[PDB]
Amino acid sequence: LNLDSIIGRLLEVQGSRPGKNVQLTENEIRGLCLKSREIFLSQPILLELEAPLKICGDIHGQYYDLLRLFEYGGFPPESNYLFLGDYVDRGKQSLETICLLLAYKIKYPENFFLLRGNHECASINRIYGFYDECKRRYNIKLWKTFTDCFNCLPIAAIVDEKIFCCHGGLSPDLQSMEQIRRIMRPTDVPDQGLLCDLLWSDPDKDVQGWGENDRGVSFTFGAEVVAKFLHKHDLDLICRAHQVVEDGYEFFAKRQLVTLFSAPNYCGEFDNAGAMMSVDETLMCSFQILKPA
């Protein structure tokens, strides 16, 4: 497995008119899956990270938007990165997106981090495009290899004991951080409970406490929940993704929670910007925006 060769070929199409494919060999991709999976299992399921760090939300197979973000923020290892999940589905190049991300995780395991999103789950990505892309360009056995790798992704991260990061949000079952550490891998995403919620929940302005989620899974949670949570755990900010927002990032509960969404013009159905959030060594956060076409 020649990792630098793989990364070279993945980056080769930078500047090519968006949409040009990179076709690695099946063994190369299987190698990326198996090695990154080993690394995920060797590192905590609740990551504890230090700034400076750049944080990205949903990418959803928009490979060329990923390259634009890296181009501006600096290609690993120029800057440290944390991604909040949802690498595949919806977009046209899930494969190039997840391969490059896994390659960087393997090459720079202490400086590059990936959380699990609700689309890193076979029953979701079976339906929303990743299975189809694998079947078309490779075979469904490779898809099952991806699933085994996704099943080992870490679930949340705390940056400098102040920013709690996860893909979806809070859970009525989340009483102590140690509970996240009890989650066992490899695992699929259950249809309820703490793990489900961390990947599926949403904030909601009109709910006091916990409410029903129109998604038909998990919950919504209000500003008061966010406040009591931050106070109890001595945190300053929840940073999550999972929902498309017009300006790429969007605050909630007077800046106690931010939503990050990094895929501009999502699905070619929305006119949203994408955003990445940079956190410097003092924990001063700034936003870098990819405006829609």
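One-based numbering along the sequence shown. We call the rigid core whatever largest set of C-alpha positions still superposes within 1.5 Å between the two forms.
Peer 1: After fitting on the rigid core, which stretch moves more in 5 other deposited structures of this protein, 265-273 or 9-17, going by C-alpha RMS?
Peer 2: Farther from the shown form on average in 5 other deposited structures of this protein: 265-273.
Peer 1: Comparing 33-41 with 62-70, which stretch shows the greater average C-alpha B-factor in the deposited entry?
Peer 2: Mean C-alpha B-factor is greater for 62-70.
Peer 1: Could you check the entry and say whether 95-103 or 71-79 has the higher mean CA B-factor?
Peer 2: Higher mean C-alpha B-factor in the PDB entry: 71-79.
Peer 1: Per the coordinate record, which of the options 150, 210, 130, 138 holds the highest CA temperature factor?
Peer 2: In the PDB entry, the greatest C-alpha B-factor among 150, 210, 130, 138 is found at 210.
Peer 1: Have a look at 191, 202, 120, 110 and flag the one whose Cα has the highest B-factor in the entry.
Peer 2: In this record, 191 carries the highest C-alpha B-factor of the candidates.
Peer 1: Lowest, middle or highest third of the chain for the C-alpha temperature factor of residue 10?
Peer 2: Tercile = lowest for this residue's CA B-factor.
Peer 1: Please place residue 244 in the lowest, middle or highest third of its chain by C-alpha B factor as given in the entry.
Peer 2: Top third by C-alpha B-factor.
Peer 1: C-alpha B factor of residue 235, ranked within the chain: lowest, middle or highest third?
Peer 2: For residue 235, whose C-alpha B-factor we compare with every modelled residue in the chain, the answer is the highest third.
Peer 1: Report the third (lowest, middle or highest) to which the CA temperature factor of residue 49 belongs, ranking only the modelled residues of the same chain.
Peer 2: Middle third.
Peer 1: Give the position of residue 154 by CA B-factor within its chain, expressed as the lowest, middle or highest third.
Peer 2: For residue 154, whose C-alpha B-factor we compare with every modelled residue in the chain, the answer is the lowest third.
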